[PDB]
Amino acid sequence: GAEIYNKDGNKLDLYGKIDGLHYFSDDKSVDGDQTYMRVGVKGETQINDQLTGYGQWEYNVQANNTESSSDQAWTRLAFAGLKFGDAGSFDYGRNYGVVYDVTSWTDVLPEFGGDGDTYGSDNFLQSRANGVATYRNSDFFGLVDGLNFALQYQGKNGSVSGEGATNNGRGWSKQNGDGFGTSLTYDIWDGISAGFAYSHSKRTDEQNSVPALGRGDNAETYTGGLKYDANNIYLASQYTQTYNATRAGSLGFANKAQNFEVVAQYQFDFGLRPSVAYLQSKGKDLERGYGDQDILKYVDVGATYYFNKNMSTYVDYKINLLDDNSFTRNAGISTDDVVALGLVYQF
């Protein structure tokens, strides 16, 4: 929270956290210090009785490498928008894709989970993305309480140079063409919710030529999710079928993929919040003889102790169930277990 300005209908919210974090793992690419911090600003201005303008900015700053290292900070979110009361809201910039409106229900683990597992950042509309225009409608205007739907469009994010280039070029793993997404969530009963999400994007020419894995003109995602959040109990499950949209590590994309996440949590009155979860990502029809491969598969057990709204500490144990093989080695998929210890100050 930490509202630092609230004068003349203009509110400024300064949020962020400092996370002293350490990983223990046989994977040397993962083991070691993981300390980082986040800094953010939420701003809001009242234009008239029916119109409110807003903007948000979220910045990730790593603190686990030296003062001469490179690329230690990056923007997670940055968008400006207008809210027209019950009509809805629209914003554009770097924001979360609507697919995350459902898959975030399982992104509640102490440390692991979320982007970088079954889905990644800058991975079409599955997570945070560049240049997304998002329309959101709350409670179906004034009709149905708990019914939310969103419509989203994303412009092409092409290559660095060449015919498929845009001003903000990237590598094939983080490219996209013109695409759209839609999400729909409803609370059938108190504490129980169901959600659906769909996204369809054009694939770029470099995605079909540079990597060895993944061929197709369109990336598609079908997502369904459930949530129970009542009586100090949190239960969430999420199943997604992707087409030419799930990353197969360094090697490319999977032609088809089935991702599944499920998590169970309980919140004690004195602050402890133990958590158990299972995540898997099944790839199908891979090129170069890989065929059907496990991209992700692990069981997560951990807990978080909340001192208050500004301080917490946690332990997270990722029990990796992947078997080391040619695919995991060539794609760069980690198969070792990791234990995470964190102490977080939030503001």
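Each residue number is its position in the shown sequence, starting from 1. In this text, rigid core is short for the largest set of C-alphas that superpose within 1.5 Å between two forms.
Point to revise | Higher-deviation segment by CA RMS in 5 other deposited structures of this protein, core fitted, 72-80 or 133-141 | key: Taking the RMS over all superposed structures in 5 other deposited structures of this protein, 133-141 lies farther out.
Practice item. Determine, for stretches 137-145 and 90-98, which one has the higher mean CA B-factor as deposited. Key: Stretch with the greater average CA B-factor: 137-145.
**Study point:** Segment of higher mean CA temperature factor, 81-89 or 113-121
**Key:** Comparing 81-89 with 113-121, the higher mean C-alpha B-factor belongs to 81-89.
Exercise for review: Using the temperature factors in the entry, find which of 218, 127, 168, 75 has the highest value at its Cα atom.
Suggested key: Across 218, 127, 168, 75, the entry lists the biggest C-alpha B-factor for 218.
Check your understanding: If you compare 44, 316, 67, 58, which has the highest Cα B-factor in the entry?
Key -> That would be 44.
Practice item. Would you please rank residue 304 by its C-alpha temperature factor against the other modelled residues of its chain and give the third it falls in: lowest, middle or highest? Key: For residue 304, the deposited C-alpha B-factor lands in the lowest third.
Exercise for review: Classify residue 107 as lowest, middle or highest third according to the C-alpha B-factor given in the PDB entry, relative to its own chain.
Suggested key: Lowest third of the chain for residue 107's C-alpha B-factor.
Point to revise | Entry-reported Cα temperature factor of residue 48, expressed as the chain third it lands in | key: Middle third by C-alpha B-factor.
**Study point:** Entry-reported Cα temperature factor of residue 27, expressed as the chain third it lands in
**Key:** It falls in the middle third of the chain.
Review point. With respect to C-alpha B-factor, does residue 292 fall in the lowest, middle or highest third of the chain as deposited?
Key: Highest third.
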